[PDB]
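Taking the form deposited in one PDB entry, here's one chain by itself in structure tokens.
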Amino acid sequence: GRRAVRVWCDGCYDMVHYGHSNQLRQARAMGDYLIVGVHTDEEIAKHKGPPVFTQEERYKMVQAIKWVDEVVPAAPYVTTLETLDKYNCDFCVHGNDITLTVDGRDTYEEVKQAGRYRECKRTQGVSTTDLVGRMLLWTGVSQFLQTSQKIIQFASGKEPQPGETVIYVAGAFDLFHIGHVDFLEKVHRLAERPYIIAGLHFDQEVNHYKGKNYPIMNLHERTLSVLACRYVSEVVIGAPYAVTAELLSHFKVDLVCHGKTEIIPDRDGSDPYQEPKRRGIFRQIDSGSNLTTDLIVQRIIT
């Protein structure tokens, strides 16, 4: 009936960003199903420094990316034909980095010789070193070039259907991380057919209430980061800090959630959730995670 083409990727996925997401999207577009091998903390420490995020954090983050069908924990550092056969994958997909042994032989010679290796395009605008750099520091630093096409590639493109519960969440969603995934995952359980709209605050607003040099990622980068998450149906690309009556009617919102993090008051001292609270449609959800963008900055610099 086809047959199905099963695609393999592997990696560390330590500090996942929209570059990793875009690479996984590309890999999935080359077949029908995507399996991602993720290395253990130990295996990574053998080859380079130990990772910032624990293997179980990294596993969970990768599984939350909507193009990924399954995560294989404890994948070997280098892709082999044996691993591809074990998971019945036709080929693996990696970036175009030079990957040579000390001798000048390709790290992936085996897989490449068997014709089971594919390259995907490198993602413009981000890398893990760039993001580290931003964290060691509002007018914006990213050279990401957002386009209608990148949004189309990342967006599910679906409108709310009859029977679907529209649920609005809002925030910075900066350095979109496992705390956000845990939040969104719980929100997604609140209805049988959830349609989650994530409202992303403007860069200048985030800087105002989060301070310092925040946000690390600009509105356009955070747009792609949130759209990659399997729990998200739509994003408001520049949402007001106050959850307004206009927003609630425009999107026909059924429920509004916020996590157990602190809600900073609005410019005028008001509760930015006052309207949905008055309507009786506000629900606080405990994500069970204490991870914040501020604490990631701390784990990554230290």
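For every residue, the number given is its place in the sequence shown, counted from 1.
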Discussion item. Can you count the deposited residues that have no coordinates between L137 and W138 and report it as none, 1 to 3, 4 to 9, or 10 or more?
Written reply: 10 or more
Worksheet, complete the sentence: Avg C-alpha B-factor, entry values, 107 to 115 vs 189 to 197, higher side is 107 to 115
Practice prompt. Quick one: say whether 162 to 170 or 116 to 124 has the higher mean Cα B-factor in the deposited entry.
Written response: 116 to 124
Response to the item:
Top Cα B-factor in this entry, restricted to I264, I237, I35, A245, sits on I264
Practice prompt. Name the residue from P51, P272, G31, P276 with the greatest C-alpha temperature factor listed in the entry.
Written response: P51
Worksheet item: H47: which third of its chain by C-alpha temperature factor?
Response: highest
Response to the item:
Assert third(CA B-factor, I301) within chain per record equals highest
Worksheet item: Based on the entry's values, in what third of the chain does the Cα temperature factor of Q55 lie: lowest, middle or highest?
Response: highest
Worksheet item: So where's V71 on the chain's Cα temperature factor ranking, which third?
Response: middle
Worksheet, complete the sentence: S225: CA temperature factor from the record, placed by chain third, in the lowest
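This protein has a second form, the form solved in complex with a small molecule, left out of what is shown; the following refers to that one.
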Worksheet item: With the partner left out of view, is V126 within 4.5 angstroms of the small molecule in the bound PDB entry by any non-hydrogen atom?
Response: yes
Discussion item. Test of understanding: in the bound PDB entry, would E82 fall inside 4.5 Å of the small molecule by heavy atoms?
Written reply: no
Worksheet item: Any of the heavy atoms of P160 lying within 4.5 Å of the small molecule in the bound PDB entry?
Response: no
Worksheet item: So in the bound PDB entry, does any heavy atom of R25 sit within 4.5 Å of the small molecule?
Response: no
Worksheet item: What is the one choice in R193, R122, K86, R105 with a heavy atom within 4.5 Å of the small molecule in the bound PDB entry?
Response: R122
Worksheet item: Counting only non-hydrogen atoms, which stretch in 211 to 219, 89 to 97, 151 to 159, 227 to 235 is within 4.5 Å of the small molecule in the bound PDB entry?
Response: 89 to 97
